[PDB]
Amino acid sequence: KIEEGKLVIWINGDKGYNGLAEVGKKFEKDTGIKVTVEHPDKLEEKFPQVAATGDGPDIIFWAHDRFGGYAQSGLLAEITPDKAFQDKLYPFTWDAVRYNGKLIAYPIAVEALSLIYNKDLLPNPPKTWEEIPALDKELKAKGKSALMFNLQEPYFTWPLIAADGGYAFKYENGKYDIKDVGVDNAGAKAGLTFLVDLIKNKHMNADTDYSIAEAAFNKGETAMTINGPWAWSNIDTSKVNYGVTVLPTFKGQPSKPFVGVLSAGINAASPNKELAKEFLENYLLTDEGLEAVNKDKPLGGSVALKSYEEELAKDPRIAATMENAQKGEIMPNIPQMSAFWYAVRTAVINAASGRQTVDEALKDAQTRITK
């Protein structure tokens, strides 16, 4: 189920899990408890799978959109900070982790996608999606490409689909209408079609994934990429000269990334929910704990902790991150977010490889989600 006397932590691989072990150590030092940190693949899926059979990690880290689902199947545990603690953190971040009024996780940081470009290849980044194909033309005649980003994860294609009107679930009367989905509206269709046109006019590859795009950009073979703050760490090492800026517009409207709040929740069956409360409120959610994690891999634009946020809000990458977040939308945490991601993942993939037209693909997805 767990062990008792120890703390198992699960974090995704793209995150500062090493800086997280460091806080772990200081914890174990000050305390005496063994703190293990793992980062299994498909963590988001694996969790409930195990958390269910009464076992798994003590603490689970994921963006908040998955938390409502977990809370629903009962795998989480209600947390209980007090006006002392809660006040250290920005209000809207606490709101991101409330499932039916209740707090089911601790908010760490706001994540938003940004346009990352090679200042060597491109000193001036495009202002619009529309000029990318042309840019690619006169980059391709040099064994280079204009852009590559992960097309295998809907999170990365969402900003474009959402720019002209696509939407997940309509928000009405302080609640999401689960039957009013905008994955198959005019806006969503226009965004995807454009994407598909990029592929079909050989400006992009239907297969590009996280690794391929990371490598491509880090190696200097692509002028631009789309990713979050976690990625800066690795780019700092490739030593490519890069800027981080606002995603390009689509049909004159801003790209609208789905904004995630990195959060930490405690397993329903963690025998040491006490140890967990200690480590999360006392060691990690501190200027010192956040600095440890951040130095490993950038946390994001805005951190939940108001005082730490007092120092990291000056960087031009952080700033662009805050700009894109601003134009974006905080994700819902409702349990149906999982069906949404699954249906959308299939749609883009099917449309992009040509097994389905944009129309068939998005209709399928819309059906799947409201069924």
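Don't overthink the numbering: it's just position in the shown sequence, from 1.
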- Item | Mean Cα B-factor comparison, 118 to 126 or 249 to 257, giving the higher one as deposited | 118 to 126
- Message: Quick check: 141 to 149 versus 157 to 165, which has the larger average CA B-factor in the record?
- Response: 141 to 149
- Member of 213, 71, 269, 224 with the greatest C-alpha B factor (per the PDB record): 269
- Message: By the CA temperature factor listed in this entry, which of these ranks top: 327, 345, 64, 42?
- Response: 42
- Query: Relative to the other modelled residues in the chain, which third contains the C-alpha temperature factor of residue 321: lowest, middle or highest?
  - Reply: middle
- Query: C-alpha B factor of residue 209, ranked within the chain: lowest, middle or highest third?
  - Reply: middle
- Message: Split into thirds by Cα B-factor across the chain's modelled residues, where does residue 173 land: lowest, middle or highest?
- Response: highest
- Note on the structure: So, residue 305's CA B-factor, relative to its chain, sits in which third? The middle
- Could you tell me which third, lowest, middle or highest, the C-alpha B-factor of residue 24 occupies within its chain? highest
